[PDB]
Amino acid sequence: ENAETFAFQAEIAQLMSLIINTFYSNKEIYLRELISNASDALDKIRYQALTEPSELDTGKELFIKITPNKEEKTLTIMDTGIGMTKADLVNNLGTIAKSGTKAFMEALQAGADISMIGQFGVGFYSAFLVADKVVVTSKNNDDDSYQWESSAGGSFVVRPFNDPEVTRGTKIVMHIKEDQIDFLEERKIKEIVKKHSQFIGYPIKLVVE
C-alpha cells in the first residue's frame, strides 16, 4: 500500500518546533534518550522470550549498534529489541497526546534544562535537537516492516519498508543539522556513551564508515 501522512498531535508539534528552534548548549542528551529507548525495547523482547522462546526466531542476538556516516551526515542507532508495529509507530511516535508534553514545553519556557526531556515521557523528540529529518525503520514480530519519517512541520509519514538488516528491532536514521555535525565524530560518540550510558545492560557497538 501507499505512504500515509499523519498529523502530529498539536502539543507534540509545538514541542518539536520549540526543540528545533531554541538554542540549547546541552544537546548530547539525544544519544542518552535514544539508547535508553533501545534498552527498553531490548528488555521487552528479553522478558518475552522467557515464556515464549520463539519470539527470538527473528534474531537471538540482543544489542544496540551506532553508525555515524560523515559522508552522508547521518547518525544511525539500531537495536534488535521488540520493534514497533504500524499501529505502534502511528500511536507512540506522534498522533496520541502525551500527558507530559505541555508540562515540558512550560518547564523549558521557564528555563529548565533540555536534559529533563525523558522524565516527561517525550525523550524520542530529542532526536530533533541534532537532526533536520529522522527516519525510523521498525519490524515487530506481530507485523510487517514499516518506516516512519518526519522533517517536523506538523506531520510525519508512515510507509511499508523492508530492510534486510532489521528482522526484528528498530533502526533510527538521523539526518544531522549542519551546525551539529560534531556529533558524527567517533571520539565524541565514545565519550557520550562512556559518560552517560555506562549502565545499559546490552552491548553498544560503534561502527565507523
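Numbers follow the displayed sequence, beginning with 1.
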So which stretch wins on mean C-alpha B-factor, 55-63 or 23-31?
23-31
Which has the higher mean CA temperature factor in the PDB entry, 80-88 or 110-118?
110-118
Going by the entry, which of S99, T137, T74, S126 has the most elevated CA B factor?
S99
Relative to the other modelled residues of the same chain, rank the CA B-factor of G154 and answer lowest, middle or highest third.
highest
Would the CA B-factor of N69 place it in the lowest, middle or highest third of its chain?
middle
On the chain's distribution of Cα B-factors, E165 falls within the third called middle
Assigned third (lowest, middle, highest) for the C-alpha B factor of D142:
middle
Chain thirds by Cα B factor, record data; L50 belongs to the middle
